[PDB]
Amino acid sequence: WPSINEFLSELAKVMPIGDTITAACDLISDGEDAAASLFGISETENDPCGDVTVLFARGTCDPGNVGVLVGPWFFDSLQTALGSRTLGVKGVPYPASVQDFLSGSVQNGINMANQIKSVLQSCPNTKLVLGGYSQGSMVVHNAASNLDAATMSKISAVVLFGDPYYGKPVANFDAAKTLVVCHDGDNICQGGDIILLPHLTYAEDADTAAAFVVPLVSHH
């Protein structure tokens, strides 16, 4: 892994800042692929369920099903904090499109709700964690709004980075099991559409996010 500093330094070379998501989309995708290739970071995960399972919905225009900017770092920090307890990571296979970002990504939420329920069907003993970044945080919010209490009681923790709905709770869920990380100066957390540097640096919060999750996925 590069250090967090070398990673952020590469992001500052390749990521577009100050543009709207619409104008920046293709450069964001290309920039994330460049960083992923340079550092050997996977932008797609489809693991079987682990002892802990994370379902992660990526941000608008992110490549793959987890992107490079935040997801991979969160998964690495979580697995490190879990020790030998195996973490299975599943990306949420949705378009992460510009249009869905601007409309609210509701149907994607419904499909994620079915993805969640299907993990719980298949892996009744896993400790399930939901994660999101940017639009993916909207998808998690929408999934929770479309789910029943029994499903939601089976979710151990929710971590949202760069939440476009910042200030709204995760519906149907215990707020004490939710962590929302929105940087000061991230326009997306203000309901905006501009991609600024603070939107791109959530890898710095991976260790703190992992530490939030660990006590919520205990078997003791």
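Counting begins at 1, following the sequence as shown.
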Mean temperature factor over C-alpha atoms, higher-scoring stretch between 211-219 and 1-9:
1-9
Which has higher Cα B-factors on average according to the PDB entry: 142-150 or 118-126?
118-126
Sort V159, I195, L38, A57 by C-alpha B-factor from the entry and give me just the highest.
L38
Based on what the PDB entry reports, which of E45, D33, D184, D163 has the top C-alpha B-factor?
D33
What third of the chain, by the recorded C-alpha B-factor, contains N172?
highest
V106's Cα B-factor: lowest, middle or highest third of the chain?
highest
Based on the deposited C-alpha B factors for this chain, I'd like to know if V180 is in the lowest, middle or highest third.
lowest
Among the chain's modelled residues, which third holds the C-alpha B-factor of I21?
lowest
Can you tell me which third, lowest, middle or highest, the CA B-factor of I188 falls into for its chain?
lowest
